[PDB]
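So this first bit is one chain, no partners, the form deposited in one PDB entry, shown in C-alpha cells.
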C-alpha cells in the first residue's frame, strides 16, 4: 500500500509527500533543503529533507547512497536515526527524488558554566552514542556543539569551525583512529565546565599553537611515530613548552572531570581513552549502566572504495528505499 501523496510548492521546489506529513514549513540552504512538518501517524514534529540533485553526477549519487545507508543503520537512543524515507516514483525508471524524515530538533548545544551534574549527564550521553557509532567502525570526524541536539528534558542526539577537530585530523596525519571523536568530546566537556572555548584558534597555525600550549610539545614516544624528517624537524623547531596542570587550567572543577580531561586531551591518539573506557570512568558513576550501553550491528562500508556509474548508485539507493522498515 502506497500512501496518497500531495504536491506542494516550497523552497522554490515542488514537493510530493505522503499525506501523513502536514503543514510543511521550510527551516532552511545550499545543500538539499529541510522542511519541518507534522507527522499525524506518530503525532510528532519531524524534519523532512528533500535531497537536491540526488543523482546529478556520480559523486552526487554516491553521496546520497552513503547518507541513506548511514541513517538506516543507526538504531540507538543517543544517535540520530531515520523515521522514514520515501519517493513519489512507482518504478525505478521514474525515480528521481529522495525525501528523508527524522525527528525535528529543538536545541543543538551552542550555549556560562553548566553544573557538574549537567555536564556529567551531557557528556555521558555523547559517549554512549560514540561507543555505539564506534563499534560499527564509523568515525564521526566532525563533532562540535552544533552537531549535538538536546531536547526539553535534556536527552541528547548526535547529528551528522576547526575549534573541536583532533590535531591528527587537522594535520592530515595517518596515525588517526576512532579517538578523534574523543578529542572533540574533551573540547566540549571543557567548554561546558569553564564556559569558555578551550582553543578558540583564529586560524590553522594559531589553533595548533594553542593546543601545544596546553598539552606540551610531543614527548619522545610521540616523535618515534612521526615519519617525515622535515615534520620531525619542524615540530621540535617549535617553542619547547611543557605540559600544564589541568587542575590549574580547570580551577574548581570536579577532580574526576579534571582526571577525565587529562585522558582525552592527549596528543598521541594511541594513548587516548576510548569511548567505552570513558563510560567506565569514575566521573560517571551516577549514570553508568553496563547493560544500557549497546554497541551496533557491523556496518558494511565496502561501497566506499567502489567506482560505479550513476545508474548503479541510483539503483542501489532505490533498493534501499524499497526495503526500508519503519521503527
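Each form is matched to the other, and the largest set of C-alpha atoms that superpose within 1.5 Å is called the rigid core. Positions refer to the first chain, counted from 1.
Absent from the display: the form deposited in another entry. The rest refers to it.
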Exercise. Just one of 117, 137, 229, 155 has a C-alpha that shifts by 2 Å or more between the shown form and the other one on a rigid core fit; which is it?
Worked result: 229
Problem set entry | Exceeds or equals 2 Å, Cα of residue 92 between the shown form and the other one, core fit | yes
Problem set entry | Yes/no, residue 286 Cα shift of 2 Å or more between the shown form and the other one with rigid core fixed | no
Problem set entry | Core-superposed C-alpha of residue 58 shifting 2 Å or more between the shown form and the other one | yes
